[PDB]
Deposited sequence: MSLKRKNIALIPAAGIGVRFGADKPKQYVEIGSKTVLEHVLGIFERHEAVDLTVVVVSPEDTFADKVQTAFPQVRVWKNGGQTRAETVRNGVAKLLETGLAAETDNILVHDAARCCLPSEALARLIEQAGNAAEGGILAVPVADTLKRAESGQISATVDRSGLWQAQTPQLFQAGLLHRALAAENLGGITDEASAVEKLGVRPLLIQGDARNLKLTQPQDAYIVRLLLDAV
């Protein structure tokens, strides 16, 4: 009865060509082949050209053109529509995922759903900070900051639809940060080193190699 719905804000090329497809197409395939995800939605801007062809290659994915002006606004429109549309109940789970984390391992997606799927507080994938951290002033170190109990967040970020809608309605960064402001403490679930984000050539070399 309870569903798990993937939502991807994509309204900066997710249309870069690696292997035989785009980054986005590489992303949607990981969700489409996962048995535990019941539906995948992509929110693009009303002027996104390549979007129509993406829809054609993935007819069961809903490609919506109600992107806003910010990543925050485009996520807000996506969640609101799933609810108004009736496609998701207030108690179904929404997994918000970055369009550029196109190497997420299916086994880590399973962990996320298996461990935060039935928790009222939801959960995100994350990896413990393993290196010493430093604060910089103008190219110099002004201090060493304790890395005790610190984690770096990845995506997806899984939360009940009703809970997420409330939190995004109210200095926010990720979705968990808006959930934390309501008094809820989300779980931290082991992400993966392979789950990196495409935001620069160094990353790209590693992604391009992982996608082989």
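Sequence ranges 1-3, 15-24, 184-187, 230-231 have no coordinates in this entry (deposited sequence, numbered from 1, C-alpha basis).
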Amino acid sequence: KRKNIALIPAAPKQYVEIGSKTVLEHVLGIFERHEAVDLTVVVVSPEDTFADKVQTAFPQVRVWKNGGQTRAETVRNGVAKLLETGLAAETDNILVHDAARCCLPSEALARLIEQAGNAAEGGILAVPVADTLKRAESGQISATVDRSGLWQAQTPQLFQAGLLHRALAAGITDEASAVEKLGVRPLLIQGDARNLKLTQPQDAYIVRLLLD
From here on, numbers count along this sequence of modelled residues.
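The PDB entry reports B-factors from which the mean C-alpha value can be compared for 155-163 and 50-58; the larger average falls on 50-58. Set 2-10 against 203-211 and average the Cα temperature factors; 203-211 ends up higher. Across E114, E121, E137, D98, the greatest Cα temperature factor reported in the deposited entry is at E137.
As recorded in the PDB entry, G68 shows the highest C-alpha B-factor of the residues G149, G183, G68, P186. Among the modelled residues of its chain, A170 has a C-alpha B-factor that falls in the highest third, as given in the PDB entry. Compared with the other modelled residues of the chain, the Cα B-factor recorded for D92 ranks in the lowest third. When the CA B factors of the chain's modelled residues are split into thirds, the value for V127 lands in the lowest one. Annotation for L82: C-alpha temperature factor in the middle third relative to the rest of the modelled chain, per the entry. When the CA B factors of the chain's modelled residues are split into thirds, the value for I141 lands in the lowest one.
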